[PDB]
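Summary of structural features
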Amino acid sequence: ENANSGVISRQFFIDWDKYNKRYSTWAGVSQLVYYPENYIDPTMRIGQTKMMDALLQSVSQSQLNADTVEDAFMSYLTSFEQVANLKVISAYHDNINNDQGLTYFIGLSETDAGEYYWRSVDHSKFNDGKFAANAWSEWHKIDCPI
Amino acid sequence: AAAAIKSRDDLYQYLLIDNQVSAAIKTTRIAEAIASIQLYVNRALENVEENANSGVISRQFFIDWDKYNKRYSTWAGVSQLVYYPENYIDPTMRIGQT
Amino acid sequence: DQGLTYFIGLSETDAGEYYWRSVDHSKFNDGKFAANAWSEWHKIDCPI
Amino acid sequence: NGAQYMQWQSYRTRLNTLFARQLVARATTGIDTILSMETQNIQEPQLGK
Amino acid sequence: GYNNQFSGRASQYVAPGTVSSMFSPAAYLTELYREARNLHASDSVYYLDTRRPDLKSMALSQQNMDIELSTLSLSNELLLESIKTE
Amino acid sequence: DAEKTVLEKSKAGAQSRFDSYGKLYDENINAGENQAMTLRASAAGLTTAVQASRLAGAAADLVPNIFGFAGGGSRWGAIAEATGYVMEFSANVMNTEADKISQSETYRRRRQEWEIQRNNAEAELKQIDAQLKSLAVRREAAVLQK
Amino acid sequence: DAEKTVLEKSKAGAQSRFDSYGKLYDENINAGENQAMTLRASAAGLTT
Amino acid sequence: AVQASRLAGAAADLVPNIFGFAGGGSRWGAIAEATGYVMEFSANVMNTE
Amino acid sequence: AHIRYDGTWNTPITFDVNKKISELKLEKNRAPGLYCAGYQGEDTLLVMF
Amino acid sequence: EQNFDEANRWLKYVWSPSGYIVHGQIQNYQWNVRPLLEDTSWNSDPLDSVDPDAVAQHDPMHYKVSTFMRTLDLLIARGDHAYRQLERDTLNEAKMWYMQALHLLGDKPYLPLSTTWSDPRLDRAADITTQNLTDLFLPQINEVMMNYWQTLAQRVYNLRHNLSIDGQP
């Protein structure tokens with residue numbers, strides 16, 4: 001007839017269908033929290049950079065040799081070096097007050113017909129005088145011409 | 001007692017000789033000695049045993065260990081590939097190919 | 001006496017192609033450059 | 001010195017990294033040197049005063 | 001080895017599959033029961049303690065996890081004991 | 001005795017099937033199949049070269065090339081054209097580099113089918129020997145009947 | 001008894017066929033086959 | 001053959017083609033365009049072959 | 001322009017030298033003497049006409 | 001791809017038990033990655049996140065275990081590859097490969113079955129764990145690490161008893 005609406009609003013019943021309704025899913029979640037190494041797969045990872053996805057599908061093939069993997073690493077290092085040498089031009093702060101909000105940065109690669117990358121950082125996650133690593137976001141290529 | 005040998009596996013690790021092995025398996029004396037020496041070197045390199053001489057480890061022989069010298073077949077292949085290049089020369093693929 | 005020397009060469013074509021070649025002076029000895037010291041020419045992809 | 005940083009009050013945070021510009025020397029001797037320990041100890045120039 | 005460098009996140013581990021482990025199905029029963037015991041008010045006929053009083057007195061033991069009793073015997077034991085009650 | 005000959009004929013055929021399939025398994029990829037892999041993958045590595053070439057041409061195109069009483073003449077659209085060309089080539093390189101992976105996996109699945117065939121031939125060969133053992137018992141039983 | 005050995009030889013071959021085919025079924029798509037799917041589909045998203 | 005054809009067209013394109021009171025008109029980007037076309041065809045020929 | 005780790009070439013970056021060449025009173029159709037060097041310690045290219 | 005020799009060096013880049021030799025000198029450090037070398041013990045509390053990689057990034061002591069576990073996977077794979085070749089010489093390489101991973105794992109931890117856990121009532125276990133499960137249930141040892149000791153001991157059992165890798169004599 002009528003479940004207690006306060007009790008239903010608990011996280012345990014929000015997570016019900018996904019994790020807690022089935023014992024195996026609950027055990028998997030609890031071990032994945034307590035034992036990350038079991039479920040860590042180097043092949044695929046959340047928040048993977050686009051050049052690491054270039055790397056995986058470039059190296060994913062039947063025959064792997066020293067020269068092939070060396071060349072794949074060299075292409076990956078080229079991408080990494082290109083995305084690391086870029087310099088910021090200008091920025092905008094998403095919030096009226098500097099304490100909270102996000103800041104969006106614009107950066108130009110060292111090329112003649114320049115490529116522009118936009119990067120966003122979160123000030124809420126910043127604390128204790130140090131920005132959190134997960135607060136920063138990876139640079140994103142801007143497709144339109146600038 | 002300076003070696004804290006407690007079990008038959010500890011004795012195998014120390015004496016480098018498998019004592020729990022069944023009598024069915026038969027191996028030549030020289031090959032068995034090679035296996036014992038390889039096990040001792042592997043234990044030393046990973047510093048499972050207390051302290052290997054760092055000068056001796058820095059030798060090329062233990063730099064080439066995992067690649068060539070840990071396995072007898074790899075060592076023989078390297079030594080013949082050095083002494084008998086013609087065997088391993090393949091016209092199809094070559095290093096420094098234009 | 002030591003180091004490397006980098007050379008630039010132009011092919012006989014109208015819109016020329018430029019190749020860069022490197023040699024090693026350390027391997028040079030006895031008045032003759034070692035054969036393995038020389039490197040093969042490499043095509044330069046950018047326009048010159 | 002080439003460091004870009006963002007400042008707000010007492011706080012400064014770095015934006016770009018000169019690692020990839022110093023890495024070329026490490027790359028001249030190949031992969032075994034790229035991944036080495038001293039490579040991960042290339043210095044970042046200080047930011048601000 | 002492994003223990004000499006990766007041990008010590010816990011003071012006392014336990015074996016896979018034992019009753020005392022935080023991933024055991026007993027731990028899942030307890031965690032689930034804590035949240036379930038409140039979905040209805042006490043006075044409601046649908047209250048879990050009213051609906052299944054013997055469950056609230058259930059012992060948590062390796063015995064209750066290992067012994068694969070027949071379910072129909074447990075349904076008979078429950079109906080029989082409530083009939084012997086009423 | 002003639003039945004024995006029949007069984008040894010069946011054994012020689014099973015052996016020819018087993019060793020031929022093993023010869024297909026150990027050398028799963030020959031010098032031609034992997035040559036195609038190297039050639040196909042080499043096409044995937046031209047994306048950074050073409051991107052640099054097109055960006056360089058775009059930047060070199062924006063400078064004016066008519067002068068005198070008439071000025072200008074540069075192509076304001078050159079940057080958008082270069083971004084269009086490099087995006088156009090990106091789909092082609094992703095197709096080539098995916099077809100490389102698909103060919104790789106085709107050869108891997110073929111090799112697994114050679115495990116199915118080689119193991120089937122080995123099992124049939126092994127059961128034939130025991131069939132010969134049974135017929136040897138039967139043959140010397142007929143001798144005892146004699 | 002020899003006929004029994006023949007039948008258990010036929011059983012081991014059938015088991016190797018059954019488990020090998022099951023190993024092909026449970027992992028129907030490996031890490032390479034779906035990589036091609038993701039790469040091929042990524043080309044479809046460039047039209048806008 | 002295509003590489004020679006495109007290089008020849010690039011070289012023949014850099015000469016000025018407007019004259020009078022107005023000068024110039026040649027395509028300074030022609031060499032980079034030809035290098036782009038020949039690189040574009042290279043992937044196609046490696047696929048065919 | 002410079003080479004990359006994969007052996008491709010980065011886009012050439014233009015530098016305006018018209019003042020510097022006009023300061024060199026060159027003969028007609030004579031190529032200016034161009035001197036390039038890397039520098040020890042300080043990372044600068046010396047470019048001299 | 002069963003390119004074990006190249007996999008050993010590539011995995012040896014991040015971590016190598018033998019050590020690192022630079023300019024011919026042996027190096028003091030064991031792990032080549034600075035945030036793995038510096039993070040020497042887990043945080044006072046973990047990250048609560050249903051992503052294993054963010055929680056391992058928050059506590060890179062976990063990445064050390066992931067590397068150790070891929071080293072054991074490589075060693076076992078090389079042992080099994082030697083084992084599936086049945087000649088006498090190769091089976092001793094299979095043994096030395098497994099022994100190499102065996103001393104890396106080290107002493108399997110003893111876990112007493114007799115414990116302080118009191119067979120509590122569900123009512124009481126629930127009331128106890130209702131605050132704010134570790135109040136009453138203990139953490140178990142990683143079943144995957146336990147499984148490495150089980151598969152290595154069983155494989156060496158076959159190498160010692162002249163079986164094959166599947167137990168077939």
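Rules used throughout
- Residues numbered from 1 in each chain as written, not as in the entry; some residues may be left out.
- Chains lettered and ligands numbered in written order.
- Part of a larger assembly, values for the part shown.
- Heavy atoms only, no water.
- Helix = DSSP H or I, 4+ residues; strand = E, 2+ residues; numbered from the N terminus.
- Rg over C-alpha atoms; globule rule 2.2 N^0.38 Å.
- Buried < 20%, exposed > 50% of the residue type's maximum accessible area, 1.4 Å probe, protein only.
- Contact = heavy atoms within 4.5 Å.
- Areas by Shrake-Rupley, 256 points an atom, 1.4 Å probe, with all protein chains shown as cover.
- Pairing = 2+ DSSP bridges.
- Buried area = accessible area lost by both parts, 1.4 Å probe.
- Salt bridge = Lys/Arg side-chain N within 4 Å of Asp/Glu carboxyl O.
- Polar contact = N/O pair within 3.5 Å; in protein donor to acceptor, adjacent residues only side chain to side chain.
- 1 Å grid on protein atoms, 1.4 Å probe; cavity = no way out; pocket = protein on both sides within 12 Å on 5 of 7 lines; lining within 4 Å.
- Points joined across faces, edges and corners; volume = space filled by probe spheres on them.
- Nonpolar A, V, L, I, M, F, W, Y, C, P; charged D, E, K, R; others polar.
- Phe/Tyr/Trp six-rings, centres within 6.5 Å; stacked < 30°, edge-to-face > 60°.
- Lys NZ or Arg CZ within 6 Å of the ring centre and 35° of its normal.

Structure determination for the deposited model, as stated in its record, used cryo-EM, and the stated resolution is 2.9 Å.

Going by the annotation in the PDB entry, the name recorded for chain D is TcdA1, with Photorhabdus luminescens given as the source organism.

Per the PDB entry, chain B is named TcdA1, and its organism is Photorhabdus luminescens.

When its secondary structure is counted, chain B shows seven helices and zero strands. Starting at the N terminus and walking to the C terminus, you meet the elements of chain B as α-α-α-α-α-α-α. Its C-alpha atoms give chain B a radius of gyration of 19 Å, more than 25% over the compact-globule value 13 Å for 98 residues. Over its C-alpha atoms, taken along the principal directions, chain B stretches across nearly 60 × 40 × 20 Å. Going through the 98 residues of chain B one by one, you find that 21% of them count as buried. Put simply, 23% of the contacts in chain B that link residues at least 6 apart link residues at least 24 apart. When the accessible surface of chain B is summed, it comes to about 7,300 Å², and 58% of that surface belongs to carbon and sulfur atoms.

The subject of this paragraph is the sheet that holds strand β1 (residues 4-10) of chain C. Ordered in space as β1-β2-β3 (chain C), the three strands form an open sheet in which the pairing is antiparallel. Each edge of the open sheet carries a strand with a single partner, namely β1 and β3 (42-43) of chain C.

Attention now moves to the interface of chain E and chain J. One frequent convention defines the size of an interface as the accessible area lost when the parts assemble. Contacts between the two partners involve 36 residues from chain E and, on the opposite side, 31 residues from chain J. Both faces considered, chain E and chain J share a buried interface measuring about 3,200 Å² in area, 67% of it formed by carbon and sulfur atoms. Looking only at chain E, the three residues that lose the most surface to chain J are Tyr2, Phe6 and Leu60 of chain E, adding up to 21% of its buried area. On the surface where chain E and chain J come into contact, there are two salt bridges. Of the charged contacts, one joins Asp123 of chain J and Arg37 of chain E as a salt bridge, the two residues approaching to 3.2 Å between their closest N and O atoms. Summed over the shared surface of chain E and chain J, the result is eleven residue pairs in polar contact. Among the secondary structure elements, those contributing two or more residues to the side of chain E that touches chain J are α1 (3-6), α2 (25-36) and α4 (53-56) of chain E.

This next bit is on the layout of surface pockets. As a volume, the second largest pocket reaches approximately 1,500 Å³. Broken down by secondary-structure element, the contributors of at least two residues to the lining of the second largest pocket are α4 (60-63), α5 (65-69) and α6 (72-83) of chain B, α2 (31-34) of chain D together with α1 (4-14) and β1 (21-22) of chain J. At six residues, α1 of chain J tops the list of elements feeding residues into the lining of the second largest pocket. Tallied by class, the residues present in the lining of the second largest pocket amount to 17 nonpolar, ten polar and twelve charged.

What follows covers the interface of chain H and chain C. Contact residues are listed per partner, giving eight residues for chain H and five residues for chain C. Across the chain H to chain C interface the summed buried area is about 550 Å²; carbon plus sulfur atoms make up 63%. Among the residues of chain H in contact with chain C, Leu7, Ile31 and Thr35 of chain H are the three that bury the most area, contributing 57% of the side total. Taken together, the connections running from chain H to chain C amount to zero salt bridges. Among the elements of the structure, α1 (2-13) and α2 (30-48) of chain H are those that each provide at least two residues to the side of chain H that touches chain C. Considering only residue class, the side of chain H that touches chain C consists of six nonpolar, two polar and no charged.

On to the packing of aromatic side chains. Throughout the structure, instances matching the rule amount to 36 aromatic pairs over all chains. Residues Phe131 of chain A and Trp136 of chain A carry aromatic rings whose centres are separated by 6.0 Å and whose planes lie at 45° to one another, so their mutual orientation is tilted. Given the relative accessible area of 17%, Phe131 of chain A is considered buried. Here the aromatic residues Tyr2 and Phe6 of chain E together with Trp15, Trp31, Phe68 and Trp149 of chain J are joined through ring pairs into a cluster of three or more. Positioned over the ring face of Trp31 of chain J is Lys64 of chain J, at 5.5 Å from the centre of the ring.

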